[PDB]
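What follows is one structure encoded as structure tokens, with my remarks underneath.
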Amino acid sequence: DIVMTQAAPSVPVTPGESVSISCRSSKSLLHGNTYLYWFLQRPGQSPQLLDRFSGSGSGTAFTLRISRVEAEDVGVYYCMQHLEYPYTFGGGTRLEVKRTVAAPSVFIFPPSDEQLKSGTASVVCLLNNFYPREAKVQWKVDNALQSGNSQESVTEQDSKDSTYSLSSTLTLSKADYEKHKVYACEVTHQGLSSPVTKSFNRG
Amino acid sequence: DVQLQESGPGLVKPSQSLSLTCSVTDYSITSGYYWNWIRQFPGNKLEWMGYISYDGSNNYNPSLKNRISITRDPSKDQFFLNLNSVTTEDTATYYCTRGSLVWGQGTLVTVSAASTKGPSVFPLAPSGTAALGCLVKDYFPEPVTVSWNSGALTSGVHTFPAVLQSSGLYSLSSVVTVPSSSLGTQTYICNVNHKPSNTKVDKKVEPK
């Protein structure tokens, strides 16, 4: 079995600049021809086989060079040997665009009446199109700080603008939801001079 | 042009057999090429499983040789993967391919004793632009797909990754940014599809 190694799990790059993704094989991939493929996988999609992209290298050491990286190049890059069965892949390298700071637009959503028939109330805070990825979300119920009952989920880097978005979900019982009035999401992030709070009054 | 379409359950029970069908369109599987099954583990690692060639010859990854079978039906233009005695470690996204160039869309197969369950869909109601969405809760196994207005509205859409809740059921939200002036005159519906249970849920999202 040929083992394919990609030592960098990710590579940062400024848009417009160039980047190299490296791959190594435990056994030479020459027979003049070189039996090495490169794939890009965009989030949610099957891998796709790969003018700005160019491949180079010897028999055990390979390089995918991406010239003038665009926001649209983000995703995971894999090499594959097709010299001998079984065909084997490297573990992949994520291309991460480093862009300028961008502050999130914050939105809060109350539990729907439909959900409230169930005895559970989900309260959702949304942070749209921000950079960098790190952000702090805090929930308060009647100004009391919530702990242990919220969950954050974040998108992969946006193909268009190199940002991330994040949902924070507060899960509470209906009874706990009905006894309180004020629901607030407090967001701290690099592009905000002051923490942003979005809130609603129950009903 | 040539396309590959996968079908089969998104859920298989531990110790039982996993079966998947690849339906090939606009090409005959006997004419040429090698027809592969490849799978992607959670965490992105890709593994070539085996192939059936244009002439019906097989080649399997030694890691699997005792459990795998790739077979075909030339007149339906399909080939098939069978994997016996699956464990939790066979949970993966399964791809069929023609060579390295043409891939099927992929089907996630979760190895679990639990039953399928369709999602509940709740509006995320908007309170110059506004965000709105759908909370898609309590389904198993992954995935759901979310579209908006039957695929007419695509720009400004974020559909977050599923998170497995403590109950053992997945949850996610899909949001879209929308003109705040259109909130009373435009209809926004999220179309949720949960293929594993063959369930579609459409939900109209209205301002509060």
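Below, chains carry the letters A, B, ... as their sequence lines are ordered, and counting in each starts from 1. Heavy-atom basis, side chains included; hydrogens, waters and symmetry copies ignored.
Note on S127(B), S173(B), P143(B), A125(B): by heavy-atom pairs under 4.5 Å with chain A, the leading option is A125(B). Comparing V163(B), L172(B), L132(B), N44(B) by heavy-atom pairs within less than 4.5 Å of chain A, the highest count is held by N44(B).
For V205(B), no part lies near chain A; criterion is any non-hydrogen pair under 4.5 Å. Only the side chain of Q151(A) has a heavy atom closer than 4.5 Å to any heavy atom of chain B. With a threshold of 4.5 angstrom between heavy atoms, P47(A) approaches chain B through its backbone and through its side chain. If you measure heavy-atom distances from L124(B) to chain A, the contacts under 4.5 Å come from both the backbone and the side chain.
The CG atom of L135(B) sits 6.0 Å away from the CD atom of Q115(A) when rounded to the nearest 0.5 Å. Between the CD atom of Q41(A) and the CH2 atom of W103(B) there is a distance of 8.0 Å, given to the nearest 0.5 Å. The CZ atom of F122(B) lies 5.0 Å from the CD atom of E114(A); values are rounded to the nearest 0.5 Å. Distance check, rounded to the nearest 0.5 Å: CG of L46(B) to CE of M4(A) gives 12.5 Å. Taken to the nearest 0.5 Å, the OG1 atom of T169(A) stands 10.0 Å off from the NZ atom of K137(B).
Here the shortest heavy-atom pairing between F160(B) and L126(A) reads CZ-CD1, 3.5 Å. Heavy-atom minimum distance, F39(A) versus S100(B): CE2-O, 3.4 Å. Between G104(B) and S46(A), the shortest heavy-atom distance links the atoms O-CB, 3.5 Å. Across every non-hydrogen atom of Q45(A) and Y95(B), the tightest pair is O-OH, 3.9 Å. The minimum heavy-atom distance between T177(B) and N128(A), with the atom names listed, is OG1-ND2, 3.4 Å.
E178(A) CD: more than 12 foreign heavy atoms inside a 6.0 Å radius. For CZ of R24(A), the number of neighbouring non-hydrogen atoms (other residues, nucleotides, ligands) closer than 6.0 Å is 12 at most. The environment of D113(A) atom CG is sparse: at most 12 non-hydrogen atoms of other residues, nucleotides or ligands sit within 6.0 angstrom. The local environment of CG in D1(A) is sparse, with at most 12 non-hydrogen atoms from other residues, nucleotides or ligands closer than 6.0 Å. Within 6.0 Å of the CD atom in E134(A), the count of heavy atoms belonging to other residues, nucleotides or ligands does not exceed 12. More than 12 non-hydrogen atoms from other residues, nucleotides or ligands lie less than 6.0 angstrom from NZ of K117(B). The environment of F41(B) atom CZ is dense: over 12 non-hydrogen atoms of other residues, nucleotides or ligands sit within 6.0 angstrom. Counting non-hydrogen atoms of neighbouring residues, nucleotides and ligands closer than 6.0 angstrom, the OH atom of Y170(B) exceeds 12 such neighbours.
Put simply, the side chain of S153(A) gets close to the backbone of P161(B): a donor and an acceptor are under 3.5 Å apart.
Figure legend: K208(B) and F109(A) shown without cation-pi pairing, the cationic atom not lying both under 6.0 angstrom from the six-membered ring centre and within 45 degrees of its axis.
By the 30° and 60° cut-offs, the orientation of the rings of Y85(A) relative to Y51(B) is perpendicular.
Looking at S165(A) and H158(B), their side chains do bring a donor and an acceptor atom within 3.5 Å of each other. For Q40(B) and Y78(A), the side-chain atoms include at least one donor-acceptor pair closer than 3.5 Å.
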